[PDB]
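There are 2 protein chains.
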Amino acid sequence: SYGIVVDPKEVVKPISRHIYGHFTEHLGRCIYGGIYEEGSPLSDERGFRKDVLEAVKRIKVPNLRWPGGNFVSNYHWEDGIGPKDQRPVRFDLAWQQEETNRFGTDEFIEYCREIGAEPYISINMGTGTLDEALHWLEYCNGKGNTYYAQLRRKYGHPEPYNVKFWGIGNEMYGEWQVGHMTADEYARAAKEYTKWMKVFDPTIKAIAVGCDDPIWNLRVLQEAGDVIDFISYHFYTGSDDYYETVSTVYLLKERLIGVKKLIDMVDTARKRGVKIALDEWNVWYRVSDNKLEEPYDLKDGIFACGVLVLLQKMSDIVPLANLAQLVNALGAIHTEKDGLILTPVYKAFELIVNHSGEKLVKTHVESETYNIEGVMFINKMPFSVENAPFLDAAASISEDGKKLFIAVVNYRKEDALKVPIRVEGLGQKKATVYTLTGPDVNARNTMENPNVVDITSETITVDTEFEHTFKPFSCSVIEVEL
Amino acid sequence: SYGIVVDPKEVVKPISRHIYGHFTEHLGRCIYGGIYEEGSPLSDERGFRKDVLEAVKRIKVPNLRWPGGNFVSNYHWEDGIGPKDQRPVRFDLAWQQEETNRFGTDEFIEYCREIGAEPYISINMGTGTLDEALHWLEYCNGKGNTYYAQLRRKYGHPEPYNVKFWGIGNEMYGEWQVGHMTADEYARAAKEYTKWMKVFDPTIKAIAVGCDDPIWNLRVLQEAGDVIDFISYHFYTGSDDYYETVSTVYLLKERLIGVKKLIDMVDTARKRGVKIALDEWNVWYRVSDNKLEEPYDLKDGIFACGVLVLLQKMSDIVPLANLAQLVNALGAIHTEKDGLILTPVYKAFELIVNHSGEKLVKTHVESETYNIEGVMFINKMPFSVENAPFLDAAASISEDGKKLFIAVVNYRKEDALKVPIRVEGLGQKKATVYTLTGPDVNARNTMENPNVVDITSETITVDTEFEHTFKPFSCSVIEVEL
Ligand SMILES: OC[C@@H]1O[C@@H](O)[C@H](O)[C@H]1O
Ligand SMILES: OC[C@@H]1O[C@@H](O)[C@H](O)[C@H]1O
Ligand SMILES: OC[C@@H]1O[C@@H](O)[C@H](O)[C@H]1O
Ligand SMILES: OC[C@@H]1O[C@@H](O)[C@H](O)[C@H]1O
Ligand SMILES: OC[C@@H]1O[C@@H](O)[C@H](O)[C@H]1O
Ligand SMILES: OC[C@@H]1O[C@@H](O)[C@H](O)[C@H]1O
Ligand SMILES: OC[C@@H]1O[C@@H](O)[C@H](O)[C@H]1O
Ligand SMILES: OC[C@@H]1O[C@@H](O)[C@H](O)[C@H]1O
């Protein structure tokens, strides 16, 4: 009644490297006090916090979304370029604070370069215009002698940045968004901004705004499905109950199959192969203020593992995802003036990113399942999930075919699972199992005790057939040389 | 690379008996000269063709849809009740025929009772009204002293008919439909007809019109998803190419999944468990006139077995389906004045209906798959399907646990397939394998040659593990005791 069968020789499909994306918004101390802190003993001469920088390089960020989020829908990018001392101080409506703009476009790109991530910039469709968006694209990507390409060179960067991912607005349906639009307004505006941006630079990928309103998604696909590359989806979840939290991996799964089906229902979008960008996701239910310093625990980390395993299996449909967010705001990493904490949600990434392959292989899982009705999110909205598994898994192999990674999540709250595993054509080998867990479902790391929740390993012997015992509330990756 | 693993002890879910339903429209010779022929040497005293009756009873019709189809949208049911000699001749706009109304509601119910089928009545939303629908329902189902209940008694039937299935309109989106409606009009009207019909009889099930326009489906679900029980889907397919035909089983599958996901995205409909009625489906690509006498061949037969196997596996989502149509019009059975022909589409049902269980058991199938771009239907619309299997199967057990049915489709056009089969805990035993196929993919039955395409049987030996070889373009059921 539990079991895993893997066939390393049967490659199902690629795993998009961009499922492991991240997001830094100008929110609270995400930027200021987070990744960037001018004159800290802990910061380099660009103002980047070095301890943060090290934590971020460790999770090999493939792409990084900035600057929003609600923030961007009242952000004028030209306020954040040029000599820092000449940049205007603005009041940010999203999160109600003074924004000095000392972190702007050039610093963001320098940050992305430093960490090896592709920049992914959202534009302002709230108080912003088409002209303003085209100017940002011109500044970032122009090769010629246009005013904004020259301005990039003038401020110190002759080579174009070549930003590939552009978000065509953020959450434009929500009445919390500055300049929020009806479905018909937004669908027409997404087509409009995307087509002219692609006229200036045909190489960009355009992510249009999606949500849970199927009519909204359909208007966007209908109107703009001939020019956009992704429709986005945001997913925030969680409650105090362990199972209500982790079970929502499978709520998310059904949501995404839904949006994939709407894409199939619009001919031009289906034929062009428009995909989904899960460009914000996380647990978020405890804290509701202007800083969002959600104290993630292990339960939340298991949720994050479950999603990464899901995305490995579904990346042909959802090739781009972004955890919200990297530092402090809904933060994977939490900083103080004199240190940082790695939350269990960061650990989910540290585990999967470092112990996963580039191709998904055939993985058949047998599992007991459970039904649940709970609440999620800061408003405690009822949901329900049917036949959520207690055990999930994804087997992948490295590009060179030399390594197999069997990622396994045991969602059971109280019982360890003894799981029979078959791997086709595998000899007897020593292998290492890397496990994320901790003493209880509510364990957290603190400055006090930075390592209560961490990745530990043990060596085991594997064969064509073997059993392993997976701890309750844990994610493990079995790593095997082929 | 091909294989079937069955566990008879793991019941996955019920198989709704209503997936084997049928449909007789007042179109061409489906009624007059089809199921019904007054004064024929081949007819009983009710005017029912006795040779047709025998063939229909052989396929154990669980429900029968009537009178349309396009016909019902200009049909006034009161024209079809009372002494036949006084019923008015009407011009049917849908098929351009004089309709004598000599076959009407009372004859239909009597036909249903003869064959043992639940009546499924579609109402007229084209030229009809709410009152007129309510009067039909009251005539059929009233057990009190209302005028129309008394009227049914007056015409000879004191007991109510208890019609359980009501179709709220037919294809009301189509410009071909008399009185066709926009999505908003139909959505509101479906809610209105359904709610008041259910005030008079709350035990009926109501099927609302769906189609391939996702905005249409969603307006119906949003407006009426609190009262309806199914949204209907119609699927017609085929071309002269063998694989282009049979592969559309998996195009159907994806269509159905998409409609299922629309349901999931409408809170009231999802919570209430609204399902799908596939209330018209068949091959239909060669004939385009007002008689629709489509010459089905074996290829179309294998398509139909293929849909039946799919429906056994998805009947919790699609509990009701009706092949269009039973006799002559797109007909499973073809009649002439002096006899009939059982087409291979009829043989599909003769096989599955007689060799299937009421419960679906754990069935895992391994199979090579293919991709195809083809054309379908009378307009030769292009379609594409990804990873269709060459082999598929479903295993079911009888209600009393005594029998196991393994239905297997081999879609391979050219090669037999020796296939390993595992049945958990199965003794070594004798089984009978019933198989449907014929000389070639374009084989048909005729009056001359009525058994070119027929079901054969041979005894075989089965065990916990055995192999069986399946003919190309064939469907078989392995019927095992215990
Ligand atoms: O990530 C926090 C907020 O969540 C979403 O509502 C917004 O896009 C973002 O600003
Ligand atoms: O801010 C998170 C929000 O909760 C949901 O209603 C919004 O659509 C989603 O973006
Ligand atoms: O209450 C709405 C919650 O915010 C969103 O992220 C969740 O998906 C949505 O259901
Ligand atoms: O079955 C023939 C026709 O096909 C569908 O378009 C109509 O509902 C039916 O009258
Ligand atoms: O008449 C069969 C039809 O082909 C499709 O366009 C219609 O919607 C379907 O009912
Ligand atoms: O081209 C219209 C065809 O008629 C319908 O039955 C098929 O689904 C549709 O694609
Ligand atoms: O498999 C054939 C069917 O089983 C029998 O009961 C039916 O009469 C026969 O036609
Ligand atoms: O002829 C096929 C019939 O179907 C089976 O149920 C009957 O026993 C067999 O006679």
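For the protein sequence lines, the chains are E and B, in the order given. Numbering-wise, the authors' numbering puts 15 at position 14 of the first sequence, and it's gapless, one number per residue. Numbering-wise, the authors' numbering puts 306 at position 305 of the second sequence, and it's gapless, one number per residue. Cβ atoms here follow ideal geometry from the backbone N, Cα and C, with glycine treated the same way.
Got a sec: does ligand 3 put a non-hydrogen atom nearer than 8 Å to the Cβ of residue i?
i, result
"residue 76 (chain B)", "no"
"residue 380 (chain E)", "yes"
"residue 238 (chain E)", "yes"
"residue 377 (chain E)", "yes"
"residue 384 (chain E)", "yes"
Given that a residue counts as buried once 16 or more other Cβ atoms are within 10 Å of its Cβ, and exposed if not, what is residue i?
i, result
"residue 148 (chain B)", "exposed"
"residue 348 (chain B)", "buried"
"residue 272 (chain E)", "exposed"
"residue 1 (chain E)", "Because chain E in this structure spans residues 2 to 483, residue 1 (chain E) falls outside the shown range and cannot be described."
"residue 139 (chain E)", "buried"
"residue 297 (chain E)", "buried"
"residue 309 (chain E)", "buried"
"residue 154 (chain E)", "exposed"
"residue 2 (chain B)", "exposed"
"residue 87 (chain E)", "exposed"
"residue 35 (chain E)", "buried"
"residue 417 (chain B)", "exposed"
"residue 97 (chain E)", "exposed"
Examine ligand 4 and report whether any of its heavy atoms sits within less than 8 Å of the Cβ of residue i.
i, result
"residue 28 (chain B)", "yes"
"residue 115 (chain B)", "no"
"residue 330 (chain B)", "yes"
"residue 72 (chain B)", "yes"
Is any heavy atom in ligand 6 found nearer than 8 Å to the beta carbon of residue i?
i, result
"residue 256 (chain B)", "yes"
Would the beta-carbon of residue i be found less than 8 Å away from any heavy atom of ligand 2?
i, result
"residue 31 (chain E)", "no"
"residue 213 (chain E)", "yes"
"residue 175 (chain E)", "yes"
"residue 235 (chain E)", "yes"
"residue 67 (chain E)", "no"
My assumption, with CB atoms under 8 Å, is that residue i sits in contact with residue j. Please give the rounded CB distance.
i, j, result
"residue 198 (chain E)", "residue 257 (chain E)", "With 8 Å as the limit, residue 198 (chain E) and residue 257 (chain E) do not qualify as a contact, their Cβ atoms being about 26 Å apart."
"residue 68 (chain E)", "residue 27 (chain E)", "5 Å"
"residue 361 (chain B)", "residue 16 (chain B)", "5 Å"
"residue 9 (chain E)", "residue 353 (chain E)", "Actually they do not touch by this definition, with Cβ atoms about 18 Å apart."
"residue 330 (chain E)", "residue 29 (chain E)", "5 Å"
"residue 259 (chain B)", "residue 262 (chain E)", "4 Å"
"residue 276 (chain B)", "residue 319 (chain B)", "7 Å"
Run the proximity test for residue i: is its beta-carbon closer than 8 Å to any non-hydrogen atom belonging to ligand 8?
i, result
"residue 435 (chain B)", "yes"
Report whether the distance from the Cβ of residue i to the nearest heavy atom of ligand 5 is below 8 Å.
i, result
"residue 143 (chain E)", "no"
"residue 172 (chain B)", "yes"
Here's a check: name, in chain order, each residue in its chain whose Cβ is nearer than 8 Å to the Cβ of residue i, leaving out the five neighbours to either side.
i, result
"residue 502 (chain B)", "This structure does not reach residue 502 (chain B), given that chain B is present from 2 up to 483, and the question cannot be answered."
"residue 423 (chain B)", "4, 5, 6, 7, 465 and 466"
"residue 475 (chain B)", "303, 410, 411, 436, 437 and 438"
"residue 184 (chain B)", "174, 214, 216, 217, 220 and 221"
"residue 83 (chain E)", "156"
Would you check whether ligand 7 has a heavy atom nearer than 8 Å to the C-beta of residue i?
i, result
"residue 355 (chain B)", "yes"
"residue 369 (chain E)", "no"
"residue 456 (chain B)", "yes"
"residue 445 (chain B)", "no"
"residue 351 (chain B)", "yes"
Which residues in the same chain as residue i place their Cβ atom closer than 7 Å to its Cβ, once the five residues preceding and following it in sequence are excluded?
i, result
"residue 63 (chain E)", "18, 19, 21, 22, 118 and 119"
"residue 457 (chain E)", "436"
"residue 288 (chain B)", "294 and 295"
Could you pull out every residue in the same chain whose Cβ sits closer than 6 Å to the Cβ of residue i, ignoring the five residues on either side in sequence?
i, result
"residue 388 (chain B)", "370"
"residue 390 (chain E)", "368 and 370"
"residue 421 (chain E)", "4 and 468"
"residue 71 (chain B)", "95"
Please indicate yes or no: does the CB of residue i lie closer than 8 Å to some heavy atom of ligand 1?
i, result
"residue 326 (chain E)", "yes"
- request: Would you list, in chain order, the members of the region 202 to 222 of chain B that have their beta-carbon closer than 7 Å to a beta-carbon of chain E?
  value: 215, 216 and 219
query: Given a limit of 8 Å on CB to CB distance, which residues of the region 299 to 325 of chain E reach chain B?
result: none
message: By the 7 Å beta-carbon criterion, what residues does the region 253 to 270 of chain E contribute toward chain B?
response: 255, 258, 259, 262, 263, 265 and 266
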